[PDB]
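Chemist: Can you read through this structure? Questions will come right after.
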Amino acid sequence: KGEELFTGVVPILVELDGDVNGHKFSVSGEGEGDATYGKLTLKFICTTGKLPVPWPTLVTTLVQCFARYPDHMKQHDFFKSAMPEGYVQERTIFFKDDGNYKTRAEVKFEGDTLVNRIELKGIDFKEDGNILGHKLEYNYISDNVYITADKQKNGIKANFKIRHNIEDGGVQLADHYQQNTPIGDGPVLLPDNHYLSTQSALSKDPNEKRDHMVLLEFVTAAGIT
């Protein structure tokens with residue numbers, strides 16, 4: 001039933017409140033998702049002024065229900081199966097040699113709109129590190145989200161690494177640990193091990209003077225043949 005909700009283009013709203021080493025901020029996002037093509041188009045605005053962390057560090061936090069699942073893998077799509085009631089998505093994101101983000105989000109439909117409401121808390125960051133020092137490149141993120149079932153919670157877990165390019169030429173690793181649990185009480189699809197191949201392209205609206213990020217993203221399930 002949940003998959004029926006994703007056969008066309010679905011409006012998306014994202015709302016985030018964050019606090020990182022005491023710097024509080026909010027982000028609002030709007031866009032569209034077309035799961036038939038695994039395609040997301042979004043624009044995010046920092047509504048509190050200047051973002052105190054790099055935009056690239058927030059991409060993964062800021063709707064995997066829009067993944068394209070190949071027909072032969074459709075029985076492994078936890079994310080859509082939880083809809084419309086939704087799921088809670090929690091992460092800890094460990095920035096190597098630096099601080100960590102802990103995030104909790106509720107992803108669900110509000111009418112015809114897919115909504116991602118998030119709280120993020122960041123701690124133990126270095127004032128002169130790659131994050132608070134704004135040393136990360138703004139271009140592209142691409143990696144694989146490794147997914148496994150979590151039968152005890154009627155959900156899933158996932159793990160992955162993001163290699164954020166640093167302006168000096170190096171890498172800032174961000175190790176992601178993820179858990180998703182359904183909000184509703186109904187059956188969900190508990191998947192075999194697989195992954196989501198995800199590519200996010202970051203850009204700017206030349207006419208936008210607010211601190212913002214434009215994102216074109218593709219997400220495709222893979223790893224079962």
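Residues in the structure tokens are numbered from 1 in each chain, the chains being A, B, ... in the order shown, and ligands are numbered from 1 in the order shown.
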Give me, as JSON lines, each residue of stretch 41-145 of chain A that comes within 10 Å of stretch 173-189 of chain A, together with its shortest interatomic pair and the distance in Å at one decimal, counting only C-alpha atoms, with rows ordered by chain and rising residue number.
Modeler:
```
{"residue": "A:57", "atom": "CA", "partner": "A:174", "partner_atom": "CA", "distance": 8.4}
{"residue": "A:60", "atom": "CA", "partner": "A:176", "partner_atom": "CA", "distance": 9.1}
{"residue": "A:74", "atom": "CA", "partner": "A:189", "partner_atom": "CA", "distance": 9.2}
{"residue": "A:75", "atom": "CA", "partner": "A:189", "partner_atom": "CA", "distance": 6.4}
{"residue": "A:76", "atom": "CA", "partner": "A:189", "partner_atom": "CA", "distance": 5.9}
{"residue": "A:77", "atom": "CA", "partner": "A:189", "partner_atom": "CA", "distance": 6.2}
{"residue": "A:78", "atom": "CA", "partner": "A:189", "partner_atom": "CA", "distance": 4.7}
{"residue": "A:79", "atom": "CA", "partner": "A:189", "partner_atom": "CA", "distance": 8.2}
{"residue": "A:80", "atom": "CA", "partner": "A:188", "partner_atom": "CA", "distance": 8.7}
{"residue": "A:81", "atom": "CA", "partner": "A:188", "partner_atom": "CA", "distance": 5.2}
{"residue": "A:82", "atom": "CA", "partner": "A:188", "partner_atom": "CA", "distance": 5.7}
{"residue": "A:83", "atom": "CA", "partner": "A:184", "partner_atom": "CA", "distance": 8.5}
{"residue": "A:84", "atom": "CA", "partner": "A:184", "partner_atom": "CA", "distance": 8.7}
{"residue": "A:85", "atom": "CA", "partner": "A:184", "partner_atom": "CA", "distance": 5.4}
{"residue": "A:86", "atom": "CA", "partner": "A:183", "partner_atom": "CA", "distance": 5.4}
{"residue": "A:87", "atom": "CA", "partner": "A:182", "partner_atom": "CA", "distance": 4.1}
{"residue": "A:88", "atom": "CA", "partner": "A:181", "partner_atom": "CA", "distance": 5.3}
{"residue": "A:89", "atom": "CA", "partner": "A:180", "partner_atom": "CA", "distance": 4.5}
{"residue": "A:90", "atom": "CA", "partner": "A:179", "partner_atom": "CA", "distance": 5.3}
{"residue": "A:91", "atom": "CA", "partner": "A:178", "partner_atom": "CA", "distance": 4.4}
{"residue": "A:92", "atom": "CA", "partner": "A:177", "partner_atom": "CA", "distance": 5.3}
{"residue": "A:93", "atom": "CA", "partner": "A:176", "partner_atom": "CA", "distance": 4.5}
{"residue": "A:94", "atom": "CA", "partner": "A:175", "partner_atom": "CA", "distance": 5.0}
{"residue": "A:95", "atom": "CA", "partner": "A:174", "partner_atom": "CA", "distance": 4.4}
{"residue": "A:96", "atom": "CA", "partner": "A:173", "partner_atom": "CA", "distance": 5.4}
{"residue": "A:97", "atom": "CA", "partner": "A:173", "partner_atom": "CA", "distance": 8.8}
{"residue": "A:98", "atom": "CA", "partner": "A:174", "partner_atom": "CA", "distance": 9.4}
{"residue": "A:99", "atom": "CA", "partner": "A:174", "partner_atom": "CA", "distance": 9.8}
{"residue": "A:100", "atom": "CA", "partner": "A:174", "partner_atom": "CA", "distance": 8.6}
{"residue": "A:101", "atom": "CA", "partner": "A:176", "partner_atom": "CA", "distance": 9.4}
{"residue": "A:102", "atom": "CA", "partner": "A:177", "partner_atom": "CA", "distance": 9.6}
{"residue": "A:103", "atom": "CA", "partner": "A:178", "partner_atom": "CA", "distance": 9.3}
{"residue": "A:104", "atom": "CA", "partner": "A:179", "partner_atom": "CA", "distance": 9.6}
{"residue": "A:105", "atom": "CA", "partner": "A:180", "partner_atom": "CA", "distance": 9.4}
{"residue": "A:106", "atom": "CA", "partner": "A:183", "partner_atom": "CA", "distance": 8.3}
{"residue": "A:107", "atom": "CA", "partner": "A:183", "partner_atom": "CA", "distance": 9.0}
{"residue": "A:108", "atom": "CA", "partner": "A:183", "partner_atom": "CA", "distance": 8.6}
{"residue": "A:145", "atom": "CA", "partner": "A:176", "partner_atom": "CA", "distance": 9.0}
```
Chemist: Going by DSSP on the backbone, which residues of stretch 3-52 of chain A come out as helix (DSSP H, G or I)? List them as a list in words.
Modeler: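 Here are the helix (DSSP H, G or I) residues of stretch 3-52 of chain A: residues 3, 4, 5 and 6 of chain A.
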Chemist: Got time to write the residues from that selection, C-alpha atoms, as a CSV table (one decimal), in the first residue's frame?
Modeler:
```csv
chain,number,residue,atom,x,y,z
A,3,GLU,CA,4.5,2.1,-2.5
A,4,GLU,CA,1.3,3.3,-4.3
A,5,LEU,CA,2.1,6.7,-2.7
A,6,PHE,CA,5.3,7.0,-4.8
```
Chemist: Which residues, written as a PyMOL selection string, have at least one atom at most 12 Å from residue A:197, with only C-alpha atoms counted and residues fewer than 5 positions away on the same chain left out?
Modeler: chain A and resi 38+64+67-69+141-147+160+217-223
Chemist: Grab the residues selected above and save them as a PDB file, in the first residue's frame with N, CA and C atoms.
Modeler:
```
ATOM      1  N   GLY A  38      14.312   7.458  -8.889  1.00  0.00           N
ATOM      2  CA  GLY A  38      15.180   7.641  -7.735  1.00  0.00           C
ATOM      3  C   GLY A  38      15.638   9.079  -7.598  1.00  0.00           C
ATOM      4  N   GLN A  64      14.922   8.504   2.158  1.00  0.00           N
ATOM      5  CA  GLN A  64      15.309   7.319   1.377  1.00  0.00           C
ATOM      6  C   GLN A  64      14.118   6.508   0.862  1.00  0.00           C
ATOM      7  N   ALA A  67      14.088   6.292  -2.940  1.00  0.00           N
ATOM      8  CA  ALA A  67      14.950   5.353  -3.671  1.00  0.00           C
ATOM      9  C   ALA A  67      14.199   4.665  -4.806  1.00  0.00           C
ATOM     10  N   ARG A  68      14.878   4.496  -5.927  1.00  0.00           N
ATOM     11  CA  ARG A  68      14.391   3.570  -6.931  1.00  0.00           C
ATOM     12  C   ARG A  68      14.796   2.147  -6.537  1.00  0.00           C
ATOM     13  N   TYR A  69      13.804   1.336  -6.193  1.00  0.00           N
ATOM     14  CA  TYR A  69      14.003  -0.097  -6.018  1.00  0.00           C
ATOM     15  C   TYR A  69      13.698  -0.800  -7.336  1.00  0.00           C
ATOM     16  N   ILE A 141      28.688  14.465  -3.323  1.00  0.00           N
ATOM     17  CA  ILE A 141      28.812  13.348  -2.400  1.00  0.00           C
ATOM     18  C   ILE A 141      28.228  12.119  -3.073  1.00  0.00           C
ATOM     19  N   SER A 142      28.965  11.028  -3.022  1.00  0.00           N
ATOM     20  CA  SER A 142      28.501   9.783  -3.606  1.00  0.00           C
ATOM     21  C   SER A 142      29.002   8.612  -2.795  1.00  0.00           C
ATOM     22  N   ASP A 143      28.088   7.731  -2.380  1.00  0.00           N
ATOM     23  CA  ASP A 143      28.488   6.519  -1.689  1.00  0.00           C
ATOM     24  C   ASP A 143      27.344   5.502  -1.617  1.00  0.00           C
ATOM     25  N   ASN A 144      27.607   4.391  -0.924  1.00  0.00           N
ATOM     26  CA  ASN A 144      26.656   3.305  -0.776  1.00  0.00           C
ATOM     27  C   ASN A 144      26.176   3.192   0.673  1.00  0.00           C
ATOM     28  N   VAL A 145      24.863   3.176   0.856  1.00  0.00           N
ATOM     29  CA  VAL A 145      24.233   2.952   2.160  1.00  0.00           C
ATOM     30  C   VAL A 145      23.942   1.458   2.318  1.00  0.00           C
ATOM     31  N   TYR A 146      24.695   0.789   3.193  1.00  0.00           N
ATOM     32  CA  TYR A 146      24.526  -0.649   3.445  1.00  0.00           C
ATOM     33  C   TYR A 146      23.434  -0.898   4.468  1.00  0.00           C
ATOM     34  N   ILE A 147      22.389  -1.602   4.025  1.00  0.00           N
ATOM     35  CA  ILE A 147      21.177  -1.807   4.778  1.00  0.00           C
ATOM     36  C   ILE A 147      21.037  -3.259   5.238  1.00  0.00           C
ATOM     37  N   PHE A 160      27.414   3.358   6.676  1.00  0.00           N
ATOM     38  CA  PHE A 160      28.129   3.840   5.498  1.00  0.00           C
ATOM     39  C   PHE A 160      29.113   4.897   5.911  1.00  0.00           C
ATOM     40  N   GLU A 217      19.747  14.880  -6.471  1.00  0.00           N
ATOM     41  CA  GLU A 217      20.153  13.605  -5.902  1.00  0.00           C
ATOM     42  C   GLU A 217      19.477  12.431  -6.618  1.00  0.00           C
ATOM     43  N   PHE A 218      20.251  11.364  -6.798  1.00  0.00           N
ATOM     44  CA  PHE A 218      19.738  10.088  -7.280  1.00  0.00           C
ATOM     45  C   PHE A 218      20.093   8.985  -6.300  1.00  0.00           C
ATOM     46  N   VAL A 219      19.102   8.131  -6.027  1.00  0.00           N
ATOM     47  CA  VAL A 219      19.206   7.071  -5.040  1.00  0.00           C
ATOM     48  C   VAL A 219      18.613   5.805  -5.662  1.00  0.00           C
ATOM     49  N   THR A 220      19.429   4.769  -5.751  1.00  0.00           N
ATOM     50  CA  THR A 220      19.028   3.516  -6.411  1.00  0.00           C
ATOM     51  C   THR A 220      19.408   2.320  -5.543  1.00  0.00           C
ATOM     52  N   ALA A 221      18.455   1.423  -5.299  1.00  0.00           N
ATOM     53  CA  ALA A 221      18.757   0.219  -4.555  1.00  0.00           C
ATOM     54  C   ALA A 221      19.482  -0.777  -5.462  1.00  0.00           C
ATOM     55  N   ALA A 222      20.415  -1.513  -4.862  1.00  0.00           N
ATOM     56  CA  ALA A 222      21.287  -2.457  -5.574  1.00  0.00           C
ATOM     57  C   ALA A 222      21.809  -3.553  -4.644  1.00  0.00           C
ATOM     58  N   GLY A 223      22.522  -4.522  -5.210  1.00  0.00           N
ATOM     59  CA  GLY A 223      23.192  -5.561  -4.432  1.00  0.00           C
ATOM     60  C   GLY A 223      22.466  -6.888  -4.355  1.00  0.00           C
TER      61      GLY A 223
END
```
Chemist: Write out as a list in words each polymer residue whose atoms come within 9 Å of residue A:42, counting only C-alpha atoms; drop sequence neighbours fewer than 2 positions from it.
Modeler: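 Result of the neighbour search: residues 12, 13, 29, 30, 31, 32, 33, 40, 44, 213, 214, 215, 216 and 217 of chain A.
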Chemist: What would the file look like if the residues just selected were written as a PDB file, in the first residue's frame with N, CA and C atoms?
Modeler:
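Everything below was put into result.pdb:
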```pdb
ATOM      1  N   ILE A  12       8.019  17.465  -1.316  1.00  0.00           N
ATOM      2  CA  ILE A  12       8.803  17.211  -0.117  1.00  0.00           C
ATOM      3  C   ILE A  12       8.992  18.473   0.710  1.00  0.00           C
ATOM      4  N   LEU A  13       8.840  18.354   2.030  1.00  0.00           N
ATOM      5  CA  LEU A  13       9.199  19.449   2.969  1.00  0.00           C
ATOM      6  C   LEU A  13      10.150  18.902   3.992  1.00  0.00           C
ATOM      7  N   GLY A  29      13.634  23.126   3.918  1.00  0.00           N
ATOM      8  CA  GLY A  29      13.830  22.635   2.558  1.00  0.00           C
ATOM      9  C   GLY A  29      12.510  22.343   1.865  1.00  0.00           C
ATOM     10  N   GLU A  30      12.502  22.507   0.550  1.00  0.00           N
ATOM     11  CA  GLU A  30      11.347  22.212  -0.292  1.00  0.00           C
ATOM     12  C   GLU A  30      11.838  21.577  -1.550  1.00  0.00           C
ATOM     13  N   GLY A  31      11.035  20.674  -2.080  1.00  0.00           N
ATOM     14  CA  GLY A  31      11.373  20.070  -3.340  1.00  0.00           C
ATOM     15  C   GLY A  31      10.392  19.030  -3.768  1.00  0.00           C
ATOM     16  N   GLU A  32      10.875  18.160  -4.648  1.00  0.00           N
ATOM     17  CA  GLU A  32      10.072  17.112  -5.203  1.00  0.00           C
ATOM     18  C   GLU A  32      10.902  15.854  -5.299  1.00  0.00           C
ATOM     19  N   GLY A  33      10.211  14.717  -5.192  1.00  0.00           N
ATOM     20  CA  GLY A  33      10.828  13.392  -5.357  1.00  0.00           C
ATOM     21  C   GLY A  33      10.025  12.529  -6.320  1.00  0.00           C
ATOM     22  N   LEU A  40      15.604  13.168  -6.672  1.00  0.00           N
ATOM     23  CA  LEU A  40      15.241  14.219  -5.717  1.00  0.00           C
ATOM     24  C   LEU A  40      15.801  15.562  -6.165  1.00  0.00           C
ATOM     25  N   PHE A  44      17.383  24.042   0.101  1.00  0.00           N
ATOM     26  CA  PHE A  44      17.411  24.257   1.546  1.00  0.00           C
ATOM     27  C   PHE A  44      17.852  25.663   1.857  1.00  0.00           C
ATOM     28  N   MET A 213      21.361  25.787  -0.049  1.00  0.00           N
ATOM     29  CA  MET A 213      21.956  24.694  -0.831  1.00  0.00           C
ATOM     30  C   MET A 213      20.891  24.157  -1.770  1.00  0.00           C
ATOM     31  N   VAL A 214      21.254  24.010  -3.040  1.00  0.00           N
ATOM     32  CA  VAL A 214      20.429  23.342  -4.036  1.00  0.00           C
ATOM     33  C   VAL A 214      21.027  21.963  -4.281  1.00  0.00           C
ATOM     34  N   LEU A 215      20.168  20.948  -4.338  1.00  0.00           N
ATOM     35  CA  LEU A 215      20.597  19.567  -4.389  1.00  0.00           C
ATOM     36  C   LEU A 215      19.846  18.865  -5.492  1.00  0.00           C
ATOM     37  N   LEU A 216      20.597  18.153  -6.320  1.00  0.00           N
ATOM     38  CA  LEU A 216      20.033  17.169  -7.237  1.00  0.00           C
ATOM     39  C   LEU A 216      20.620  15.830  -6.793  1.00  0.00           C
ATOM     40  N   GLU A 217      19.747  14.880  -6.471  1.00  0.00           N
ATOM     41  CA  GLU A 217      20.153  13.605  -5.902  1.00  0.00           C
ATOM     42  C   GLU A 217      19.477  12.431  -6.618  1.00  0.00           C
TER      43      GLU A 217
END
```
Chemist: Between A:208, A:70, A:56, A:118, single out the one closest to residue A:138, counting only C-alpha atoms.
Modeler: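 Nearest candidate to residue A:138 out of A:208, A:70, A:56, A:118: A:56.
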Chemist: Would you mind telling me which residue in A:149, A:66, A:168, A:20 lies nearest to residue A:2 when using only C-alpha atoms?
Modeler: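 Using only C-alpha atoms, the shortest distance to residue A:2 belongs to A:66.
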Chemist: Give me every strand (DSSP E or B) residue in stretch 40-139 of chain A, going by DSSP on the backbone, as a PyMOL selection string.
Modeler: chain A and resi 40-46+68+87-95+100-110+113-123+136
Chemist: Please save C-alpha atoms of the selected residues as a compact mmCIF listing (two decimals), in the first residue's frame.
Modeler:
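Listed below is the output, selection-v4.txt:
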```txt
# COMPACT_ATOMS: atom_id res chain seq x y z
CA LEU A 40 15.24 14.22 -5.72
CA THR A 41 15.37 17.95 -6.38
CA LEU A 42 15.54 20.14 -3.30
CA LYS A 43 16.47 23.61 -2.09
CA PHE A 44 17.41 24.26 1.55
CA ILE A 45 17.58 27.62 3.30
CA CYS A 46 19.19 28.41 6.65
CA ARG A 68 14.39 3.57 -6.93
CA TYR A 87 9.31 5.95 10.23
CA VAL A 88 11.76 7.40 12.70
CA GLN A 89 15.28 7.70 11.30
CA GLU A 90 18.11 8.00 13.80
CA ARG A 91 21.81 8.43 13.16
CA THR A 92 25.11 8.95 14.83
CA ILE A 93 27.64 10.47 12.46
CA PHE A 94 31.26 10.26 13.64
CA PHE A 95 33.55 12.80 11.96
CA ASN A 100 29.78 13.81 16.08
CA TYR A 101 26.21 14.47 15.04
CA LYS A 102 23.30 12.63 16.59
CA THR A 103 20.09 13.01 14.63
CA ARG A 104 16.46 11.96 15.04
CA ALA A 105 13.90 12.46 12.29
CA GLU A 106 10.31 11.54 11.63
CA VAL A 107 9.52 10.95 7.97
CA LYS A 108 5.81 10.67 7.09
CA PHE A 109 3.09 11.99 4.85
CA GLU A 110 1.17 15.10 5.82
CA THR A 113 3.41 15.96 1.06
CA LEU A 114 6.32 13.81 2.29
CA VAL A 115 7.71 15.55 5.39
CA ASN A 116 11.10 15.06 7.06
CA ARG A 117 11.20 16.72 10.52
CA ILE A 118 14.65 16.53 12.11
CA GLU A 119 16.51 17.37 15.31
CA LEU A 120 20.32 17.38 15.22
CA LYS A 121 22.82 17.71 18.08
CA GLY A 122 26.54 18.01 17.43
CA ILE A 123 29.18 17.79 20.16
CA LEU A 136 35.11 21.16 3.15
```
Chemist: Just the number, please: distance in Å from atom CA of residue A:151 to atom CA of residue A:192, one decimal.
Modeler: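 Value for the atom CA of residue A:151-atom CA of residue A:192 distance: 11.3 Å.
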Chemist: Between atom CA of residue A:193 and atom CA of residue A:225, what is the distance in Å, rounded to a tenth?
Modeler: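 Atom-to-atom, atom CA of residue A:193 to atom CA of residue A:225, that is 11.9 Å.
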Chemist: Using only C-alpha atoms, find the one residue out of A:48, A:127, A:200, A:165 that sits nearest to residue A:28.
Modeler: A:48
Chemist: Write out as a VMD selection string the residues lying within 8 Å of residue A:139, counting only C-alpha atoms and excluding same-chain residues fewer than 5 positions away.
Modeler: chain A and resid 201 to 203
Chemist: With distances taken over only C-alpha atoms, which of A:50, A:163, A:73, A:155 is nearest to residue A:140?
Modeler: A:163
